[PDB]
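I have placed the structure first, in the form of structure tokens, so that the comments after it can refer back to it.
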Amino acid sequence: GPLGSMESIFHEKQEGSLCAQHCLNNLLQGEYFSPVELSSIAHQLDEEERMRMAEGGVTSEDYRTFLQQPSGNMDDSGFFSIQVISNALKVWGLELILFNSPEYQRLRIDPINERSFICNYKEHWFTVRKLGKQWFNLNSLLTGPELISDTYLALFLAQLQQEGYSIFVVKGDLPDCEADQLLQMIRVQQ
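With the deposited numbering, letter number 170 in the sequence shown gets 170, and the count goes up by one each step, no holes.
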């Protein structure tokens, strides 16, 4: 044991702090992404998600299901669409979908049941990553790694859910980062 994970909780090498792309880089355990791509990814997502859903028929439901997400396409004042992460996630291997979805939750979808959750507040949104065995908020409003209890993460999402609705469930393959090491895997290994 490292004795204290918080000792160095965060993303190793970070070269892109401005938009959520930062949290994404940390979440992905490694940047390797630019802001320009986010804009293009978001745009491509709209065109892709629009055509993909439109073409596939989106069974309409898929439309109303996703539509739940925040529109506005995206900004350029220092923020990117959360959907951009989804596009990168999908292309990364994993996928990102809205959690609010009462259909999934009812079917049996828990907030903690996941590994990576995303929250959106009005405009600005944050990225939640499950570090070790607990959820940790990452963005900037937390002024750092805000440890969120399993009973809190769900309670929190519930609060935001009841307050409005802006949560995205990250499903798929999630890479490990420094936090993953703090969980157990110590540097010593060679």
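Here a beta-carbon is modelled for each residue, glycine too, at the ideal position from N, C-alpha and C.
What residues match up with residue i in a beta bridge as DSSP calls it?
{"i": "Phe10", "result": "BP columns for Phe10 are empty, so no partner."}
{"i": "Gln134", "result": "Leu131"}
{"i": "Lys171", "result": "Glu95"}
From the DSSP output, in three-state form, read off residue i for me.
{"i": "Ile148", "result": "strand"}
{"i": "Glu37", "result": "helix"}
{"i": "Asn139", "result": "coil"}
{"i": "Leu153", "result": "helix"}
{"i": "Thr127", "result": "strand"}
{"i": "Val84", "result": "helix"}
{"i": "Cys119", "result": "strand"}
{"i": "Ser17", "result": "coil"}
{"i": "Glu178", "result": "helix"}
{"i": "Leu3", "result": "coil"}
{"i": "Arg106", "result": "helix"}
Does residue i come within less than 8 Å of chain C when only Cβ atoms are used?
{"i": "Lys171", "result": "Of the protein chains in this structure there is only one, and it is not chain C."}
Out of the options, point me to the one whose CA is closest to residue i's CA.
{"i": "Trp135", "options": "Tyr121, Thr65, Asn120, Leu157", "result": "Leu157"}
{"i": "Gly132", "options": "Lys122, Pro102, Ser101, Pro175", "result": "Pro175"}
{"i": "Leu96", "options": "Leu142, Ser149, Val128, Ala179", "result": "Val128"}
Straight-line CA distance for residue i to residue j?
{"i": "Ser77", "j": "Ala42", "result": "15 Å"}
{"i": "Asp75", "j": "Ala54", "result": "24 Å"}
{"i": "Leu107", "j": "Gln189", "result": "43 Å"}
{"i": "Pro145", "j": "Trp92", "result": "24 Å"}
{"i": "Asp173", "j": "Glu163", "result": "30 Å"}
{"i": "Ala20", "j": "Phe126", "result": "7 Å"}
{"i": "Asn87", "j": "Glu114", "result": "19 Å"}
{"i": "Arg52", "j": "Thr59", "result": "11 Å"}
Going along the chain, which unbroken runs of the alpha helix (DSSP H) with 4 or more residues stay wholly within the stretch 22-69? At a cut-off of 4 residues, the continuous stretches assigned as alpha helix (DSSP H) that sit fully inside the stretch 22-69 are 35-56, 61-67.
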